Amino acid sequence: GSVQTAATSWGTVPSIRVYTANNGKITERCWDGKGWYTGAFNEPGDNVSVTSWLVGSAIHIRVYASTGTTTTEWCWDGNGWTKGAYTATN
């Protein structure tokens, strides 16, 4: 069983975030121009996808974590990770 990843990036430095789903847990590795480091994101999930956008210089990230038929959205809007309004009927 191999891990499954998702990646996003922004700006010109750039900043990169790589999410890895491994044995039901999703963790995050970060690059902001110095070295790679472990990010704050840690949520359950067997599958992960991500998207992000800038509002000026501020990054907004949405991570979609799935276990079984349930996908939970996690939001970064500059202060911390919060559960989003995303729902689906899988």
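Counting begins at 1, following the sequence as shown.
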Inset, instruction - Could you tell me which one of 69, 15, 20, 72 shows the highest CA temperature factor in the PDB record? - result: 69
Inset, instruction - Report the option among 26, 63, 30, 55 whose CA atom has the maximum B-factor in the deposited record. - result: 55
Legend entry - Among modelled residues of the same chain, the CA temperature factor third for residue 7: lowest
Legend entry - Third of chain Cα B-factors occupied by residue 59: highest
